[PDB]
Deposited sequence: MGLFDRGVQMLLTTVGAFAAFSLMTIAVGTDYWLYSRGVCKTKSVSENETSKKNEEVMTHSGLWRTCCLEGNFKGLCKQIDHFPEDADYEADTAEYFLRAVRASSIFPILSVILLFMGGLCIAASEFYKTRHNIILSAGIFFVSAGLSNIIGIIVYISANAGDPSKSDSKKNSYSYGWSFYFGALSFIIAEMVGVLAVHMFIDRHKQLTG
């Protein structure tokens, strides 16, 4: 009893915090490069030198048919959508405590949490393939992105489970 609403609200906060950190940090890809050759860590927006005379200097990464994947990478729309959709899911499951007995809000939260995970997957694929445009390796903010997807799918499943559980009781 109640554990489902606790676990959903906590999972949604966890997913949102993980994804907002992941999208907002500079540690997606370890690679060689130049910031102004040294080992360099790139996020989504900025690439910063970590092991040399400009240790701690960042430049905005220059992202510029084939044009359109470049544009999708430059905007990173799908990561940001995953944050927006997790926020909307939170503003569903942290609102369903009021206006109780409509039940469609929990389904809307579940649909949001699932579709945000799909958006995270498309974001990951776009990032992995735009970086295909070697010694490289991925960093904690990428793995936090994946963990946000994994938790988002769970909170989605629990939201659909609460939608059904609170539906069947309408029969008494």
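- Stretches of the deposited sequence lacking C-alpha coordinates, numbered from 1: 1 to 5, 42 to 55, 84 to 93, 163 to 171.
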